[PDB]
Amino acid sequence: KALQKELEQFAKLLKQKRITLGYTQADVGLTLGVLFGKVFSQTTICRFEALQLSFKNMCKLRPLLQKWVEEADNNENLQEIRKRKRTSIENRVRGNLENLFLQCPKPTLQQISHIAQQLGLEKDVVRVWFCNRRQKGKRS
DNA sequence: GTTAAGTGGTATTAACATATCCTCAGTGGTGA
DNA sequence: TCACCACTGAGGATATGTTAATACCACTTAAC
């Protein structure tokens with residue numbers, strides 16, 4: 001209910017403290033990583049300050065930012081002194097994988113290993129990309 | 001026979017590439 | 001021979017589109 005407006009007020013004050021403290025959003029992610037271990041990317045901080053993330057995510061990142069703003073005010077010099085690695089797919093690999101579809105929608109792990117070795121991609125990367133391919137094709 | 005773990009299936013989540021934009025530095029047309 | 005504001009480009013820093021990656025849940029399967 002009013003949690004929406006309370007989050008919004010917190011986010012506006014958070015923007016004000018970030019601008020006052022002279023920290024970039026990438027620097028905010030770096031500080032969160034070096035003070036908690038869960039380093040976040042600057043896109044998440046952007047979507048936070050603009051209030052773009054979902055409600056559950058909104059509540060999930062509320063406490064970390066609360067702690068950072070309540071702690072970093074003491075000393076900055078010592079603080080100044082674990083990403084969800086997300087490998088990209090280049091266009092020719094994308095085209096080759098699309099070619100691998102339209103014939104066998106759900107390949108076996110035996111074929112998955114061959115596909116991974118053929119295009120030089122990690123097995124887990126190819127497996128998750130295959131799952132998301134199925135997912136977006138089943139959307140429609 | 002019951003209960004905990006593995007397997008998928010689908011919803012959320014969060015980072016990448018590139019698209020915009022802020023701000024500051026470098027050059028100069030015009031004026032004095 | 002001086003000012004300077006206008007004018008614009010560069011790099012860093014934000015907003016987007018988009019999709020790897022994880023995470024939550026129903027179903028089956030293995031252990032005592």
# chains A, B, ... in the order shown; residues from 1 in each chain; ligands from 1
$ residues_around --residues "residue 9 of chain B" --least-positions-apart "6" --cutoff "10 Å" --atoms "only C-alpha atoms (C1' of nucleotides)" --output "JSON, numbers by chain"
{"A": [131, 135], "C": [25, 26]}
$ write_last_selection --atoms "N, CA and C atoms (P, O5', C5', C4', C3', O3' and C1' of nucleotides)" --output "short mmCIF file (atom, residue, chain, number, x, y, z; two decimals), in the first residue's frame"
data_model
loop_
_atom_site.label_atom_id
_atom_site.label_comp_id
_atom_site.auth_asym_id
_atom_site.auth_seq_id
_atom_site.Cartn_x
_atom_site.Cartn_y
_atom_site.Cartn_z
N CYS A 131 17.33 -22.97 -22.95
CA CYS A 131 16.12 -22.86 -22.15
C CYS A 131 15.39 -21.56 -22.43
N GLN A 135 11.80 -20.69 -24.00
CA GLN A 135 10.89 -19.87 -23.22
C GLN A 135 10.27 -18.77 -24.08
P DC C 25 7.03 -20.57 -4.48
"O5'" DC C 25 6.63 -21.71 -5.54
"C5'" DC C 25 5.91 -21.35 -6.70
"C4'" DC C 25 5.60 -22.58 -7.54
"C3'" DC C 25 5.04 -23.77 -6.76
"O3'" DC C 25 3.98 -24.36 -7.48
"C1'" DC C 25 6.91 -24.45 -8.01
P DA C 26 2.96 -25.37 -6.75
"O5'" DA C 26 2.95 -26.65 -7.70
"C5'" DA C 26 2.38 -26.54 -9.00
"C4'" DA C 26 2.83 -27.70 -9.88
"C3'" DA C 26 2.35 -29.08 -9.43
"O3'" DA C 26 2.06 -29.87 -10.57
"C1'" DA C 26 4.70 -29.04 -9.50
#
$ residues_around --residues "residue 31 of chain B" --least-positions-apart "4" --cutoff "12 Å" --atoms "only C-alpha atoms (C1' of nucleotides)" --output "PDB file with N, CA and C atoms (P, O5', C5', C4', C3', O3' and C1' of nucleotides), in the first residue's frame"
ATOM      1  P    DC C   2      47.639  42.028 -25.754  1.00  0.00           P
ATOM      2  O5'  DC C   2      46.111  42.219 -25.318  1.00  0.00           O
ATOM      3  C5'  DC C   2      45.532  41.350 -24.352  1.00  0.00           C
ATOM      4  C4'  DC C   2      44.192  41.885 -23.881  1.00  0.00           C
ATOM      5  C3'  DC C   2      43.285  40.854 -23.221  1.00  0.00           C
ATOM      6  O3'  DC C   2      42.454  41.484 -22.253  1.00  0.00           O
ATOM      7  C1'  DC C   2      42.275  41.617 -25.207  1.00  0.00           C
ATOM      8  P    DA C   3      41.902  40.649 -20.995  1.00  0.00           P
ATOM      9  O5'  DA C   3      40.318  40.870 -21.051  1.00  0.00           O
ATOM     10  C5'  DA C   3      39.604  40.605 -22.253  1.00  0.00           C
ATOM     11  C4'  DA C   3      38.106  40.627 -22.010  1.00  0.00           C
ATOM     12  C3'  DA C   3      37.532  39.358 -21.428  1.00  0.00           C
ATOM     13  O3'  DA C   3      36.245  39.640 -20.896  1.00  0.00           O
ATOM     14  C1'  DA C   3      37.079  39.479 -23.765  1.00  0.00           C
ATOM     15  P    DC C   4      35.483  38.584 -19.956  1.00  0.00           P
ATOM     16  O5'  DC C   4      34.012  38.544 -20.578  1.00  0.00           O
ATOM     17  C5'  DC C   4      33.806  38.967 -21.923  1.00  0.00           C
ATOM     18  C4'  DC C   4      33.006  37.935 -22.689  1.00  0.00           C
ATOM     19  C3'  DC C   4      32.966  36.552 -22.040  1.00  0.00           C
ATOM     20  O3'  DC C   4      31.701  35.957 -22.261  1.00  0.00           O
ATOM     21  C1'  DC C   4      33.856  36.363 -24.189  1.00  0.00           C
ATOM     22  P    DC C   5      30.579  35.977 -21.112  1.00  0.00           P
ATOM     23  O5'  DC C   5      29.207  35.898 -21.927  1.00  0.00           O
ATOM     24  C5'  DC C   5      28.972  36.799 -23.002  1.00  0.00           C
ATOM     25  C4'  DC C   5      28.940  36.062 -24.329  1.00  0.00           C
ATOM     26  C3'  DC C   5      28.079  34.797 -24.344  1.00  0.00           C
ATOM     27  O3'  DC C   5      27.292  34.763 -25.525  1.00  0.00           O
ATOM     28  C1'  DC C   5      30.245  34.302 -25.117  1.00  0.00           C
TER      29       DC C   5
END
$ interface_residues --of "chain A" --to "chain B" --cutoff "8 Å" --atoms "only C-alpha atoms (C1' of nucleotides)" --output "tab-separated table (two decimals) with N, CA, C and O atoms, in the first residue's frame"
chain	number	residue	atom	x	y	z
A	41	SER	N	25.29	-4.07	-10.61
A	41	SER	CA	25.65	-3.27	-11.78
A	41	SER	C	24.90	-1.94	-11.76
A	41	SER	O	23.83	-1.80	-11.16
A	43	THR	N	23.20	-0.47	-13.90
A	43	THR	CA	21.85	-0.47	-14.45
A	43	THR	C	20.81	-0.68	-13.36
A	43	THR	O	19.73	-0.08	-13.39
A	44	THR	N	21.11	-1.54	-12.39
A	44	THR	CA	20.18	-1.76	-11.28
A	44	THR	C	20.00	-0.48	-10.46
A	44	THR	O	18.88	-0.15	-10.06
A	57	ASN	N	11.71	-6.80	-6.04
A	57	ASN	CA	13.09	-6.35	-6.14
A	57	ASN	C	13.28	-5.03	-5.41
A	57	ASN	O	14.32	-4.80	-4.78
A	84	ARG	N	26.90	-11.44	-11.46
A	84	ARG	CA	26.25	-12.50	-12.21
A	84	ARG	C	26.76	-12.48	-13.65
A	84	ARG	O	26.08	-11.96	-14.54
A	85	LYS	N	27.96	-13.02	-13.86
A	85	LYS	CA	28.62	-13.06	-15.16
A	85	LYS	C	27.63	-13.45	-16.24
A	85	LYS	O	27.03	-14.53	-16.18
A	86	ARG	N	27.46	-12.60	-17.24
A	86	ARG	CA	26.44	-12.77	-18.26
A	86	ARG	C	27.13	-12.64	-19.62
A	86	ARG	O	27.24	-11.55	-20.18
A	88	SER	N	27.87	-12.59	-23.44
A	88	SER	CA	27.07	-12.20	-24.59
A	88	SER	C	27.23	-13.21	-25.72
A	88	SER	O	28.19	-13.99	-25.76
A	135	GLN	N	11.80	-20.69	-24.00
A	135	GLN	CA	10.89	-19.87	-23.22
A	135	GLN	C	10.27	-18.77	-24.08
A	135	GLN	O	9.05	-18.55	-24.06
$ interface_residues --of "chain C" --to "chain A" --cutoff "12 Å" --atoms "only C-alpha atoms (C1' of nucleotides)" --output "MDAnalysis selection string"
chainID C and resid 12:16 18:22
$ residues_around --residues "residue 61 of chain A" --least-positions-apart "3" --cutoff "12 Å" --atoms "only C-alpha atoms (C1' of nucleotides)" --output "list in words"
residues 7, 10, 11, 29, 32, 38, 39, 40, 44, 45, 47, 48, 49, 51, 53, 54, 55, 56, 57, 58, 64, 65, 66, 67 and 68 of chain A; 13 and 14 of chain B
$ residues_around --residues "residue 1 of chain B" --least-positions-apart "2" --cutoff "12 Å" --atoms "only C-alpha atoms (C1' of nucleotides)" --output "NGL selection string"
(:B and (3)) or (:C and (31-32))
